[PDB]
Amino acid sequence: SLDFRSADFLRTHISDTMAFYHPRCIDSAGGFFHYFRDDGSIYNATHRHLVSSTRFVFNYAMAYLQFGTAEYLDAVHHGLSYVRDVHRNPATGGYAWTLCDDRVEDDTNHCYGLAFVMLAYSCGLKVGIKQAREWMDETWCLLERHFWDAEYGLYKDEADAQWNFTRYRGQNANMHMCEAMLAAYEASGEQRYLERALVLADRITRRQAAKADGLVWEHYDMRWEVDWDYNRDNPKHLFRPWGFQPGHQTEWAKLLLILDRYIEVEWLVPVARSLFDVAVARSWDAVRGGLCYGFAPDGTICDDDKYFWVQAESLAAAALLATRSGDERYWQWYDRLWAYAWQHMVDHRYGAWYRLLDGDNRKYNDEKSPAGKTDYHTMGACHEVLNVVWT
């Protein structure tokens, strides 16, 4: 009976998750704490990760835009200071990947990191920080100088502190960069950002997908040919897992439908539908509920864990596909994804979502939000659905 498609539900859910993190995530000494137990207690106060530092700026910016709460605007400023004063290396323009007690632990320059930095700065401009328009331009320049490969229409992934790149090429940083470029466009109105987002979408969801039977594989060589073996022996790596990730197929479907809002071009929706339909067919657990984490190129599930962000990205995609297409089967997907998530993944005692469950929907431990997780994916999905329903 709960109406998962109502603004009432979505706004309340976002506010429940904000109540988990706020104000306990704020470190008055600098930035945010990045490791939280189920009950909100901090289990590692000293280790910090660029992906959390940036995602928490998104959390609070999108919440301020929705609710107007002054404490949330203050937290956007606090979070951006940490990104600019502690992560950022003024000598190179790069950003520390991880810190331990404000000392740089890993200074590797990850494109994935810069996507999140671009997103945090775009959020800063959206909340009225006019200086963020320049920080966005500085980040664009840094990306063009080192990461962009015009010949392929895609960014390289990973360089050391002197900008020496590895040969690895990855869809995931490009996917988040498409997302960041859309945010940058929404914040600044600059056409270059929207157009770069479109180029990235075309190259990944059409050209690269063609090499893997119509779905987006994660890992590639330096010539952007598929690397079928990368991390086969470390398949649960956090950013570079092995196998097709249904969550990334649906996340792309969402990004293509956001592009379709701003760009008039025929190919976006049919590609979005192909990615979403195949991904959920292959990965939905019809017995226990929920989308599984990974499947191999033969279709066989290779990781049946149920992750928070997979469900979230998929319901956001389903809502966008439903509204654009008028196909009610997409709202049925939306409803079943939420029914699963509400029953198993959302913590009704403390708020926010569990990170993952095993295939039997059991908890592994009490580490709700380790470094990298801020419920940016779950609140972000709700903010996105709020763009297509009456509020």
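All residue numbers refer to positions in the sequence shown, first residue = 1.
As the entry records it, the average C-alpha temperature factor is higher for 97-105, out of 212-220 and 97-105. Comparing 130-138 with 191-199, the stretch with the higher mean C-alpha B-factor in the PDB entry is 130-138.
When the C-alpha B-factors of 334, 60, 354, 67 are read from the PDB record, the largest value belongs to 67. The entry lists C-alpha B-factors for 173, 154, 117, 86, and the highest of these is at 86. In the PDB entry, residue 235 places in the highest third of its chain by CA B-factor. When the modelled residues of the chain are ordered by their C-alpha B factor, residue 11 lands in the middle third. Sort the chain's modelled residues by C-alpha temperature factor and residue 205 lands in the lowest third, per the entry. Annotation for residue 242: C-alpha temperature factor in the middle third relative to the rest of the modelled chain, per the entry. Ranked by Cα temperature factor within the chain, residue 22 sits in the highest third according to the deposited record.
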